[PDB]
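Next up: a single chain in structure tokens, the form deposited in one PDB entry.
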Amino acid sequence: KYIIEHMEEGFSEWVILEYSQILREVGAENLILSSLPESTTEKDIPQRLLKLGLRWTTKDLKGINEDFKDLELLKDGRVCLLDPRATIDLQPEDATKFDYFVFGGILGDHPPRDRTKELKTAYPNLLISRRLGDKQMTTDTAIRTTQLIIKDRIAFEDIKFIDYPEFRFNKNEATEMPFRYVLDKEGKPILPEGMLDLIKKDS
């Protein structure tokens, strides 16, 4: 159901924390990590994700069925590409329309590689583009949101968010995260396990 195009070279601690959280919230059978470098083997995947059962592949969108027997084929118009630049928000009623939710992004910098657009250009008949509100989200937030709209059938504007949360570490260090986050029951922003400590040590 959820397909993440791996958006970096190697795996930083940050992306390991995100992917870990995603895995524990959707379950390993429901996430495919795709488009990894062609040379990638098991020894290249962080063992923390392997233990959690991460399904990964070097293949791309059209080729993933070749790597997984259980995966229903990719039909035209039933694959939703998620893009903050799209004009139509994802709706609860879309639960019927899509069998796959794809996350692209921007790979690297200097130059950057807009994978979202390249996908859009590679799969003109496959992809439908949808937005998750007018603010930028992290991958685990974007997935949590997709899951809230599609599985819990809650419309976007009924979801409680916080934008640009500020985290205070000491009397000196005040950092602000330039993203929208889903609130938890106690009114605080949901981050992956370990993310907070990671942000702290960055200061």
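For clarity, a rigid core is taken as the largest C-alpha set superposing within 1.5 Å between two forms. The first residue of the sequence shown is number 1, and the count goes up from there.
Below: the form deposited in another entry, not depicted.
Novice: Of 95, 88, 106, 73, which is the single residue whose C-alpha shifts by 2 angstroms or more between this form and the one not shown after core superposition?
Specialist: By this measure, the answer is 106.
Novice: Honestly, after the rigid core fit, is residue 131 moving at least 2 Å at Cα between this form and the one not shown?
Specialist: Result for residue 131: no, shift under 2 Å.
Novice: Are residue 149 and residue 107 closer or farther apart at their Cα atoms in the other entry than shown, with the shift being 3 Å or more?
Specialist: Compared with the shown chain, residue 149-residue 107 is closer in the other entry.
Novice: Residue 108 to residue 17, Cα distance in the other entry relative to here: closer or farther, by 3 Å or more?
Specialist: Result: closer.
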